[PDB]
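What follows is one chain in structure tokens, specifically the form deposited in one PDB entry.
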């Protein structure tokens, strides 16, 4: 049966109570400079729907929106906050965000709309957004009658669900995680997204020019070596040319056919000259289509800025994700790709890019959580952890560690953090499973505390049904009891990795909140631009670099206190590339 509400033609005082469920609807997935199609408010006085032209033009309403003492409960308040920023309107006083609450209670649910969150509490008097708006090509805002009832039902749901969600969060000891970490961070991400990052489009276009020429050369060279033309981008056509036409050996298969992944090609390289060209082609083509053309597609023509959207409620570990564009995977490892960063510049004249990154935060977190004496001492001495690991597992002095030994000790450390497995390590190191197992065994002999932790955390995941992070984020692992070896092992690796990756996420998130409070107290113009898992990227006047050099690392290093120190490196320059 329909839900009662007032389809208001003008704003009234009772619509401005100091407590309400608020819905500021933005249907476009990318909410930057997007339309607000309707507004719903549910409070002690009733349910109301307001047309955006009316509400957002009303001084009383706008003032109410910006009054921190007028508390609002919402779902994805960041979306509304940013769409409002583009309209020059400030949203304050959001005390409860149902999206973030749902995400903390169970990130596996994949809650993406009010209906999904409401179902967690057997509340179903609200439709999924997709049912109301449609899929993609068929997506669209419905007529006012249907739209208004949908927004009211969502507001009503939020109004009703706040208490039960807060109660369960309290029981989980996650109440502060929502109120003191995720919600305040939400506002910071909103500012970051709205500010955006300036892009030197001319530079990108220059690079695209050079790429197009080089790509054309390697392309012809490839057909020349294949004795014909084909679509190199087709793992299907390619596999036929390599494994059938040229008779190259098949060392690995995908699931649908031949495997042409870079790791396998590298092994075929010594057989035919075409392999190196295909790898080079893969490289250039990746940069051209994803980082040159792809980036250019989302730069705002007017401001020449890209405005990413940080999905704060998606990952199973507590990390953020970045989209349109993804600014968390801009090339850096290989020089050619690294040059892409020269295109990310400060938004104002005489400003510089400042980047600060935690040094080995995951292994430092592991040292803290496992309380491994050897690992803790290593970081207390600020030793090169990979060289040290090599010394221990290979039983040699620092002078006897060869480049290859460190490389393998490094790979072992990656495995330990990801959830060790002989098969996985063997694959990565291109060695036998028995050999990989021997490495792992030697590792545990040198770091018995880590061995104890891995055994204990898996036992705990089984007993409790989930694992937690330093700040009480949690992840349920039902597969941990599966009788299927593969499924169970995947869950065991997650039990081992999540607390490490997740705790690192908690720490940097708190560093971001602490940093912003510090920047405000100091009245610095510096502001965050991006976060890339273990690093923070800022931009500021050149006159503020010396202050930032001391302030940023300190705040990041002091975000939390562990049994081992946290170490932060930093650099700054004219472009993101130069902030090295």
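Positions refer to the first chain, counted from 1. So that the term is clear: the rigid core is the largest set of C-alpha atoms that superpose within 1.5 Å between two forms.
Not on display, but discussed next: the form deposited in another entry.
**Q** Give the option from 462, 252, 87, 300 whose C-alpha shifts by 2 Å or more between the shown form and the other one; the alignment is on the rigid core.
**A** If I go through the list carefully, the shifting residue is 252.
**Q** Would you say residue 121 moves its Cα by 2 Å or more between the shown form and the other one, aligning on the core?
**A** It does not reach a 2 Å shift.
**Q** Does residue 281 move appreciably between the shown form and the other one, meaning a CA displacement of 2 Å or more on the superposed rigid core?
**A** Moves: yes, 2 Å or greater.
**Q** Classify residue 143 as shifted (yes) or not shifted (no) between the shown form and the other one, where shifted means its C-alpha moves by 2 Å or more with the rigid core superposed.
**A** Comparing forms between the shown form and the other one, the residue 143 CA shifts below 2 Å.
**Q** A 3 angstroms or greater change in CA distance between residue 252 and residue 409 is reported in that other deposited form. Closer or farther than in this form?
**A** Farther apart, which means the C-alphas of residue 252 and residue 409 are at least 3 Å more distant in that other deposited form.
**Q** Residue 431 and residue 270: their C-alpha distance differs by 3 angstroms or more in that other deposited form. Do they come closer or move farther apart compared with the shown form?
**A** It is closer: in that other deposited form, the C-alpha atoms of residue 431 and residue 270 lie at least 3 Å nearer than they do here.
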